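**Q** One structure follows; several queries about it will come next.
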Amino acid sequence: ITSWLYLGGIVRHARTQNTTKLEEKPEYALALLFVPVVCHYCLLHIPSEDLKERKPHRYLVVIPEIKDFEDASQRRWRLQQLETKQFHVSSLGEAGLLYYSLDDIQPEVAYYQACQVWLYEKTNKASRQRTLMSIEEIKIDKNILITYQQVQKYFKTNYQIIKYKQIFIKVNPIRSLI
DNA sequence: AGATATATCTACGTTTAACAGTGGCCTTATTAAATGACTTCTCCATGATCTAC
Numbered sequence: 171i172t173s174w175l176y177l178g179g180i181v182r183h184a185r186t187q188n189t190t191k192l193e194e195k196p197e198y199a200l201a202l203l204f205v206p207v208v209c210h211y212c213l214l215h216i217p218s219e220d221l222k223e224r225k226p227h228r229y230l231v232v233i234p235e236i237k238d239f240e241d242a243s244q245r246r247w248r249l250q251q252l253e254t255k256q257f258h259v260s261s262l263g264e265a266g267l268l269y270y271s272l273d274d275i276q277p278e279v280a281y282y283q284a285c286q287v288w289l290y291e292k293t294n295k296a297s298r299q300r301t302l303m304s305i306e307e308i309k310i311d312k313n314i315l316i317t318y319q320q321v322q323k324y325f326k327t328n329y330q331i332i333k334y335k336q337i338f339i340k341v342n343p344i345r346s347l348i
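So for the first sequence, the authors' numbering puts the first residue at 171; every next one is plus one.
Rendered as structure tokens:
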């Protein structure tokens with residue numbers, strides 16, 4: 171297999187391309203074919219960089235831990251409802267929490283969800299393709315999620331600045347900090 | 001020479017009382033930065049193809 175099928179599975183040593191290549195059974199290869207549907211994609215904005223002077227290009231890939239097929243399907247279909255301006259975030263944890271923002275909260279059921287955030291970013295200005303720059307695990311319990319909803323409620327949302335074909339999005343740093 | 005009991009005068013009174021600031025103010029103006037910069041390069045992954053043994 172190759173990196174397009176399994177993210178991060180590049181051949182380290184190109185001169186040994188034929189031998190040192192990741193190998194998998196056909197069914198797992200089909201799963202690696204169908205991975206892209208589940209994972210959502212978010213855009214990351216550097217707070218230090220003025221968004222006017224730098225359009226977002228970093229891509230965060232949120233890959234959720236699977237506990238049940240139906241639960242994951244319902245979660246993904248629920249997250250389909252959100253607006254694109256929400257997807258523009260200022261931190262990896264913000265995107266992870268957004269992936270679990272629309273999950274139902276049950277007080278009898280001990281809620282616990284885990285997901286992976288994969289950061290893809292051009293190494294330099296003239297980079298031809300993005301490179302995996304960060305992977306971070308997020309484990310969200312009940313208290314963290316309700317606190318995040320409380321922060322979302324009290325703290326203001328993103329300002330959808332719109333200019334000449336320039337729909338900038340103003341993310342509140344505090345929300346991310348919290 | 002050693003051991004021992006004695007004698008040495010003032011002194012006294014040494015402040016009593018009542019108070020221990022009364023008044024008014026305890027900053028008035030104005031300015032709460034002015035500019036410009038918010039990385040700079042390269043280091044790509046993978047497969048088709050060329051070529052030497």
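We put the beta carbon where it would ideally sit given N, CA and C, even for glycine.
My understanding is that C209 touches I233, with C-beta atoms under 8 Å, so please give their C-beta distance in whole angstroms.
**A** In the first sequence, counting from the first residue as 1, residue 209 sits at position 39. In the first sequence, counting from the first residue as 1, residue 233 sits at position 63. Indeed they touch by this definition, with Cβ atoms about 5 Å apart.
**Q** Could you give the first and the last residue of the continuous beta strand (DSSP E) run that contains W288?
**A** Here residue 288 refers to the residue found at position 118 when the first sequence is read from its first residue. Per DSSP, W288 belongs to the beta strand (DSSP E) from 282-291.
**Q** In three-state terms, what does DSSP make of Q336?
**A** Position 166 of the first sequence, counted from the start, is the residue given in the question as residue 336. Strand.
**Q** When the distance is taken between beta carbons, is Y270 closer than 8 Å to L315?
**A** Mapped onto the first sequence, residue 315 falls at position 145. Mapped onto the first sequence, residue 270 falls at position 100. Taking 8 Å as the Cβ cut-off, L315 and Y270 qualify as a contacting pair.
**Q** Out of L214, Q322, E193, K333, which one is the CA nearest neighbour of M303?
**A** Here residue 303 refers to the residue found at position 133 when the first sequence is read from its first residue. The residue with the shortest Cα to Cα distance from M303 is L214.
**Q** How do the stretch 304-312 and the stretch 279-294 stand: do at least 3 beta-carbon pairs fall below 8 Å, yes or no?
**A** yes
**Q** On the CB-based measure, 16 or more other CB atoms within 10 Å of its CB, does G178 come out buried or exposed?
**A** As a working note, residue 178 is residue 8 in the first sequence. So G178 ends up on the exposed side.
**Q** For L175, which option in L200, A184, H183 has the closest C-alpha, if you only look at C-alpha atoms?
**A** Numbered from its first residue, the first sequence carries residue 175 at position 5. Nearest option by C-alpha distance: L200.
**Q** Once DSSP output is grouped into helix, strand and coil, what is the label at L347?
**A** For this step, residue 347 is matched to residue 177 along the first sequence. Correct three-state label for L347: helix.
**Q** Can you find the residues in the same chain that come closer than 6 Å, C-beta to C-beta, to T301, ignoring five residues on each side of it along the sequence?
**A** The residue labelled residue 301 in the question sits at position 131 within the first sequence. Contacts found: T293.
**Q** So, using beta-carbon positions, are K255 and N328 closer together than 8 Å?
**A** By one-based count along the first sequence, residue 255 stands at place 85. By one-based count along the first sequence, residue 328 stands at place 158. Taking 8 Å as the Cβ cut-off, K255 and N328 qualify as a contacting pair.
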